[PDB]
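Report on the structure
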Amino acid sequence: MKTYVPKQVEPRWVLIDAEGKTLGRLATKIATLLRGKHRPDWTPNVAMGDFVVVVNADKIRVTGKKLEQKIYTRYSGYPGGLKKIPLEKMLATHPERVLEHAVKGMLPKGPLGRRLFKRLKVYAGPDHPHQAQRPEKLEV
Amino acid sequence: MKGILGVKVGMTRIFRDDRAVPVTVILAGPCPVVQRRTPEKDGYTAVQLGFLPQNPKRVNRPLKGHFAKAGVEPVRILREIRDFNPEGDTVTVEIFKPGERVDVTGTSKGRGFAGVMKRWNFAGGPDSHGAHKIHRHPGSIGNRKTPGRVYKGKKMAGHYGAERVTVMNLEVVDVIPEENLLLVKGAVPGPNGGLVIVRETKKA
Amino acid sequence: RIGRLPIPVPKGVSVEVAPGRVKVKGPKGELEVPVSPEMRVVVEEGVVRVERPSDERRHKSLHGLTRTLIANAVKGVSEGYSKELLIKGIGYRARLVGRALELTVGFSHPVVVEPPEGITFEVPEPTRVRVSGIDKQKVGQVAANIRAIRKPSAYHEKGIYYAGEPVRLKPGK
Amino acid sequence: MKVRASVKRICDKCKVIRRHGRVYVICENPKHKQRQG
Amino acid sequence: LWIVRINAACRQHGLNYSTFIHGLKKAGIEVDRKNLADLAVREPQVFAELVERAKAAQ
RNA sequence: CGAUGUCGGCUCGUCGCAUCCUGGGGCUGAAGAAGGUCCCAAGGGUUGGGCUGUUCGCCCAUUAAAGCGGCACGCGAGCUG
RNA sequence: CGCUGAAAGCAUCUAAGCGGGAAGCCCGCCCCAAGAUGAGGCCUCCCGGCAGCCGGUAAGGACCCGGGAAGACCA
Ligand SMILES: [Zn+2]
């Protein structure tokens, strides 16, 4: 009686309003849905988590002074290539990259993880090009 | 931002107010417009210029259709002036005028696989006092075990030149409309006949 | 003894509470007070007040500041605010030019000030200057910039002074 | 602005204020003006 | 894996893993993580009954 | 210790700031100018020469200044010895 | 360095706020750049025998020269 393995099924799109929700918490729930660890037929070695589309990602909120005390930093490989970025600046430039980053930090590394993040779809503002995909709304 | 294609015909000094101001001569016009980058259609605003004309038997079908979409003659080279909406159908030197500051861009004279001195002006080593076979080598390139590597962009050998280059804020010494010639103070990147592009300078 | 204090609301003053903001239209003009949602507004004819929902530091703080700010507002649209500055130093003076203000206190060129929205630059003299308008803070910000232009001197009474600004300069040579 | 770690009142007009989280000894006397650090 | 799948199926009925385990333990049932998981994937109604006795344990 | 080549110079840098100049500011026993001190600040610069193997230092003439340090007291499968 | 300002009747640059403020940081200037596998966007051109398969093929390209301020080769 081997443990059950599921059949490769059509992942179900899900819409999520990032507006008002806390950054870390909402990103967490995004990670949970994206891993598909909500499904009883879960399996680790297979990407069967649901595609996710989030709207109003710019509307994300953050407790405390993280707007300016949180510094998304990056690296070029060049000497002095440590590019620091305050959170606010990252908002005005690329709000979606914030959530995409804070969720990338919450997914398992390795190729399965990358395909998971590729199953992610952040969109600042309200809209998204996925009406044909039927992104179901799901409060979190 | 006005700008015209052109070709470097050579350098020369002229006498403007008892001053042998050296200049370069640039056959710029006549540049016909072939397509206009509109933001609703191309995400931004710019134009596309043809210079010089091309033998029709030397043009693939796709390019030919690209010209027939306009009313333009088949042209050898085609480029874009970013953020420039010429009203007329052919940009010429008329947009420019003497004294106007411009910025010119062209491919520098490609100096092949250039050594490290010629490419980065390193000092090399001495020519006597026992320097063994390192007269033009760059000496050390890094540190010992920490970090035990070589940083990105460490100045080494490679192709010096042969790249896009923009010398800026030059002066339009004179315009020659009937010839479509342009006399710009200072030197221009690229060999004689090398394609170049002139634009309004971004300075102030 | 300050958020405790009631804010008497004498007409002509329109007071209208929306969540987090009040709305007061007086004869001088109109404005809104950003308000602490934790704080409460006693919108009463003749006097409107503020109430701290607790007694924490944050609610006597926001209570007092809310009260002072509101009363400053109704004082604003009602009778506005004004501030005078005494340009001093020999030859240093000013004079209006259109809306903006000319002012010369000894540079390689005189200096002009643009009056933001309204900010009145009354020029009673070239020595003294007035700046008024609905707003209390904005007035003090504009005139603040003014005295920031050519501040008072340490060794001379040669420079911009606030109306009532004393001058305690140390001696010199 | 006397910067130091032992910011303290010097005169009675030496008045302490925790501005921007730091502790500043603001006083009418310019010399007593102190910043803790 | 068993705790994962079981935890998912249980959360689809309101309670979490620890609550369900505590219930069945209190409910005097000895079925293990493997068979619980296989029920939750195969017998949503039977596993549903297990959750029934689970919250029944409270 | 069946090898991690050791001072110095050269070449090439990169980095920290406990900042030498350049930027901003506070206080002054800050009249002005020039300063002192401290604060924020590492973008750029930080000369040439005589002596000495020297680093260091002194000196010479300057300079806005002629910074201090880490990088195996950087760098010998890069050089010299 | 400030305006407004309560806690704390006063004052307070701060705690709600708003502002000024440097060779500093971001942009701005030039250069590279869609392997940006998130591989982007626009224009133009092309159209069957046995998710494919094969076919000559379309557009087009390549090889082959003759060269080139392009170049080690390649490009
Ligand atoms: Zn004092």
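Calculation criteria
Residues numbered from 1 in each chain as written, not as in the entry; some residues may be left out. Chains lettered and ligands numbered in written order. Part of a larger assembly, values for the part shown. Heavy atoms only, no water. Residues with missing side-chain atoms left out of burial classes, pairs and counts. Contact = heavy atoms within 4.5 Å. Axes fitted to C-alpha atoms, helices over the stretch in contact; angles between N-to-C directions. Helix = DSSP H or I, 4+ residues; strand = E, 2+ residues; numbered from the N terminus. Parallel < 35°, antiparallel > 145°, perpendicular 65-115°, else oblique. Left-handed = near helix turned anticlockwise from the far one by under 90°. Nonpolar A, V, L, I, M, F, W, Y, C, P; charged D, E, K, R; others polar. 1 Å grid on protein atoms, 1.4 Å probe; cavity = no way out; pocket = protein on both sides within 12 Å on 5 of 7 lines; lining within 4 Å. Points joined across faces, edges and corners; volume = space filled by probe spheres on them. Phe/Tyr/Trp six-rings, centres within 6.5 Å; stacked < 30°, edge-to-face > 60°. Buried < 20%, exposed > 50% of the residue type's maximum accessible area, 1.4 Å probe, protein only. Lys NZ or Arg CZ within 6 Å of the ring centre and 35° of its normal. Buried area = accessible area lost by both parts, 1.4 Å probe. Salt bridge = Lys/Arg side-chain N within 4 Å of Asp/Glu carboxyl O. Polar contact = N/O pair within 3.5 Å; in protein donor to acceptor, adjacent residues only side chain to side chain. Pairing = 2+ DSSP bridges. Near = heavy atom within 4 Å.

In the PDB archive, cryo-EM is given as the structure determination method for this entry, at a resolution of 3.2 Å.

**What about the arrangement of the chains?**
Here the protein chains form 2 pairs of chains in contact, of which the pair with the most contacts is chains A and E. Spatially, chain C is disjoint from chain D: no contact exists, and the shortest C-alpha separation is 10 Å.

**Focus: the packing of helix α1 (residues 2–11) of chain E against helix α3 (residues 33–42) of chain E**
All names here are of chain E. Contact geometry of α1 with α3 gives a least axis separation of 8 Å together with a crossing angle of 45°. With respect to α3, the element α1 is oriented oblique. Along this stretch, α1 crosses α3, giving a crossing that reads as left-handed. Residues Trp 2, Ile 3, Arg 5, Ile 6 and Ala 9 of α1 touch α3, and the partners they reach there are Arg 33, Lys 34, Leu 36, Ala 37, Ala 40 and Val 41. Broken down by class, the residue content of the contact of α1 with α3 amounts to 8 nonpolar, no polar and 3 charged.

**Details of empty space enclosed by the protein**
Residues and elements named next belong to chain A. Its boundaries defined by the atoms lining it, the largest cavity holds a volume of some 40 Å³. Taken together, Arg 35, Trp 42, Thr 43, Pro 44, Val 46, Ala 47, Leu 112 and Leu 116 make up the lining of the largest cavity. Here the lining of the largest cavity is built from residues that sort into 6 nonpolar, 1 polar and 1 charged.

**Here's the deal with the packing of aromatic side chains**
Counted under the stated rule, the structure contains 2 aromatic pairs over all chains. Seen from their ring centres, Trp 13 of chain A and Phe 51 of chain A are 4.8 Å apart, and the 70° between their planes marks the pair as edge-to-face. Placement of the pair is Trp 13 of chain A in the segment before β1 (14–17) and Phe 51 of chain A in the loop between α1 (23–35) and β2 (52–55), with a sequence separation of 38 residues. Given a relative accessible area of 23%, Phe 51 of chain A falls into the partly exposed group. An angle of 35° between the planes, with centres 5.3 Å apart, marks the rings of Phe 20 of chain E and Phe 47 of chain E as tilted. Note that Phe 20 of chain E is positioned in helix α2 (residues 17–26) and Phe 47 of chain E in helix α4 (residues 44–57), a separation of 27 residues in sequence. The burial state of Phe 20 of chain E is the same as that of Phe 47 of chain E; both residues are buried. Note that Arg 150 of chain C overlies the ring of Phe 107 of chain C, its terminal NZ or CZ placed 4.0 Å from the centroid.

**Quick word on the interface of chain B and chain A**
At the interface, 4 residues of chain B touch 5 residues of chain A. With both sides pooled, the region where chain B packs onto chain A buries about 330 Å², and carbon together with sulfur makes up 65% of that total. Its largest share of buried area at the contact with chain A, chain B owes to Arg 149, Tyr 151 and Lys 152 of chain B, together 92% of the area lost on that side. Put simply, chain B and chain A have 0 salt bridges between them. Taken together, the links from chain B to chain A amount to 0 residue pairs in polar contact.

**Comments concerning the sheet that holds strand β12 (residues 128–133) of chain C**
Residue and element names in this part refer to chain C. The antiparallel open sheet is built from 3 strands, whose spatial order is β7-β12-β11. Only two strands of the sheet have a single neighbouring strand rather than two, namely β7 (81–86) and β11 (120–122). Adjacent strand axes in the sheet meet at a mean angle of 20° when their direction is disregarded. As defined by bridge partners, β11 adjoins β12 across 3 bridges and the pair is classed as antiparallel. Each bridged residue has a counterpart across the sheet, and for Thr 120 the counterpart in β12 is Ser 132. Sheet strands touched by helix α2 (residues 137–149): β7, β11 and β12. Its angle to β7, the strand with the most contacts, is close to 10°.

**Concerning the protein's contact with RNA strand G**
Surrounding RNA strand G, one finds 55 residues, the nearest of these being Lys 41 and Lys 69 of chain B together with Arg 1, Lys 60 and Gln 137 of chain C. In RNA strand G, atoms within 4 Å of the protein come 74% from sugar and phosphate. One nitrogen or oxygen atom from the main chain of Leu 65 of chain C is found 3.2 Å from a sugar or linking oxygen belonging to RNA strand G. Elements that contribute at least two residues to the surface near RNA strand G include exactly α5 (111–118) of chain A, β3 (31–37), α1 (39–42), α2 (61–69) and β10 (164–176) of chain B, α1 (57–79) and α2 of chain C together with β2 (15–17) of chain D. With 9 residues, α1 of chain C is the single largest residue contributor to the surface near RNA strand G.

**Considering the interface of chain E and chain A**
Between chain E and chain A, the contact holds 13 residues from the first and 13 residues from the second. Carbon and sulfur atoms make up 61% of the area that chain E and chain A hide from each other, which totals about 1,100 Å². Considering only the surface of chain E that becomes buried against chain A, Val 4, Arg 5 and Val 41 of chain E emerge as the three largest contributors, covering 42% of it. Run the count over chain E and chain A and you get 0 salt bridges.

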